[PDB]
Every structure is written in structure tokens, then in C-alpha cells.
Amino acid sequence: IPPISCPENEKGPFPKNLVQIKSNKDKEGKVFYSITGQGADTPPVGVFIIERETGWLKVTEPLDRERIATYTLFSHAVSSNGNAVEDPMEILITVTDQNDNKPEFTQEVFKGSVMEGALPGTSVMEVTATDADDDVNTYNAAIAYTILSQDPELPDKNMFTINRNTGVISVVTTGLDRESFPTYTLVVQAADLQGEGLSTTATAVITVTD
């Protein structure tokens, strides 16, 4: 019985049927089913159960892929006279991802510096966010960066730009002047689903140098 697959964060009610395990050797007589493993009889206990009589395997609560992503259980079958009628059968349960984590910036405030008269197209600094969701299988961790605001808006509103992919911030125009406008405070955003998804912001403060 190949990998069972359950999404994290499912609504109730619980418990919920996954799949029905059965033994050939029951047409002889009555069979009792049980499970072992982490998730069953070792911690966390009781997340998966199995009906002793019917062999229905159930999940009893919501799962969390970022806490546990896979479970390995073993299925047991015992005759009514008390003997195992099978070797224990391995069961694999795979927990599939929901986009339940916002991107998080590695800092609240990133700090950088830029020289007056820096060529337009000069890289200044890099901001960085991570996302705890599943980046191999989904777009739930796929981060795009944007700039939301610049303060002050002088001498131009859009002195800087950010590479959507790498989070690298560049100077895009001219007229840096530390004696009139000594810093720039940018609000930066990171959003998963390639920009369309959940979002967080942080701040980048750029000091203008000689």
C-alpha cells in the first residue's frame, strides 16, 4: 500500500479515514489490527490510529509539515487466539505543504551605504528573507522582492530599485547629495508565490557617503 498523502492544516471534524488495511488471513478467522511508530504509540502519540476490528487507518488531528513531514508506521495483525498472522507492514505517510508561512526577513532593519556619484546601475546592498514552506514541490516558498516606499522622495521618488529575485538593491539614477539628503529609508517587501502570495516587510536604510 504505497505512500499515503495528507495535507497539513485540514479542518475537522476528526478523526478522518485514510485507508483500510486488511489481511488475507482473516477468512480463516477474526483479526485484530494495530499500529506502531512515531505518530501512533510513540511521540507524538495518537496522531494516527487504526480501528482494531475494521482495519481503518485514521488521522485524529491536523498535521504540520514544518514540524513533521513524514511518518513511518508499522501495521500489525493478530488472530483472536493471540498470534501474529503477518509480519508487520510498513506504512509511509507524507504530509503535503500548505502556504501557511509568510516570508521572514533575516533582519528588521538592513543597513547599507552608497557613494555620491555612483553610476546608475551600481549595486548598493542586499536584503534577504526566507520562507519555511515547501520549496521543492510548491511555489509556497518562492520569494519575490519589491520596494514599497522611499523616504525621503528627493531629489527623485525612485532613486533605487530591487532585483525581484536576488533582493539586491541598486542605485538607478543620479543626484545623491549627502549634505541635502543624508540617508534613504526604504520599505522592502517579500512575498511568496512569486510575488502574488503572503507578504512581509522590512526596512533598508542607506547612508550616502563621500
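Start at 1 with the first residue shown and count on from there.
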Practice item. With reference to the PDB entry, specify whether the mean Cα temperature factor is higher for 23 to 31 or for 151 to 159. Key: 23 to 31
Practice item. Compare the mean C-alpha B-factor of 120 to 128 with that of 79 to 87 as given in the PDB entry, and name the stretch with the higher value. Key: 79 to 87
**Study point:** Chain thirds of CA B-factor: placement of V59
**Key:** lowest
**Study point:** Third of the chain's Cα B-factor distribution that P182 belongs to, per the entry
**Key:** lowest
Exercise for review: Would you mind ranking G167 by its C-alpha B-factor against the rest of the chain and naming the third, lowest, middle or highest?
Suggested key: middle
Review point. Taking the entry's C-alpha B-factors for this chain, is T174 in the lowest, middle or highest third?
Key: middle
Point to revise | Chain thirds of CA B-factor: placement of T70 | key: middle
